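Coordinate analysis (summary)
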Amino acid sequence: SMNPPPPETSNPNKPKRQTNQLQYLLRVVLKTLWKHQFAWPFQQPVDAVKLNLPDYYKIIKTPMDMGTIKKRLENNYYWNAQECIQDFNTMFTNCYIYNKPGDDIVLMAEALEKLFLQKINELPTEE
Ligand SMILES: Cc1sc2c(c1C)C(c1ccc(Cl)cc1)=N[C@@H](CC(=O)OC(C)(C)C)c1[nH]nc(C)[n+]1-2
């Protein structure tokens, strides 16, 4: 069970822009989650080889992680806030799909998601 290529972070064919909401998603949302004590499993794609999770990419067909999101934000990959919000939600949902309630990794995702929800509640109106 080899690892797939990671999600793209650059694509000249994809439209993109800078928006004040995307700036907030980087400076506030990503930065807050990235520094958290429980961020580290989510800072790069799941390595199913090293973790001995050969079923991971049989079950999780839309992988996502904060390393990817960080690069997307820094590299101005997104057209709007919704695209980036969707990536975060994909990441959390994947973790809950693959794992079981009360697992350590699920508690870690839950902690991060609580903070995500607190920050997204104050997403600024588009300028
Ligand atoms: C680098 C990464 S990425 C990751 C994990 C780790 C370690 C952990 C994990 C991280 C921290 C703690 Cl305290 C416990 C588990 N769990 C796996 C699934 C699993 O069951 O893996 C073990 C078989 C436990 C290796 C998982 N699912 N989704 C993700 C994002 N992760």
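The deposited coordinates derive from X-ray crystallography, with the record listing a resolution of 1.600 Å.

Under the annotation held in the PDB entry, the protein carries the name Bromodomain-containing protein 4 and is attributed to Homo sapiens. As recorded in the PDB, this entry has the title "Crystal Structure of the first bromodomain of human BRD4 in complex with the inhibitor JQ1".

**Some remarks on the packing of aromatic side chains**
For the structure on display, the rule yields five aromatic pairs. Seen from their ring centres, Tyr77 and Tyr78 are 5.9 Å apart, and the 80 degrees between their planes marks the pair as edge-to-face. For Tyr78, a relative accessible area of 2% corresponds to the buried category. Three or more aromatic residues joined by ring pairs form one cluster here, namely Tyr56, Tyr57 and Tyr98. A cation sits over an aromatic face here: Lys14 above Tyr77, 4.9 Å from the ring centre. When the ring centre of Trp34 is taken as origin, the NZ or CZ atom of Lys70, which lies over that ring, is 5.4 Å away.

Reading the values: rules and limits
- Residues numbered from 1 in each chain as written, not as in the entry; some residues may be left out.
- Heavy atoms only, no water.
- Residues with missing side-chain atoms left out of burial classes, pairs and counts.
- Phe/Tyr/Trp six-rings, centres within 6.5 Å; stacked < 30°, edge-to-face > 60°.
- Buried < 20%, exposed > 50% of the residue type's maximum accessible area, 1.4 Å probe, protein only.
- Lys NZ or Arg CZ within 6 Å of the ring centre and 35° of its normal.

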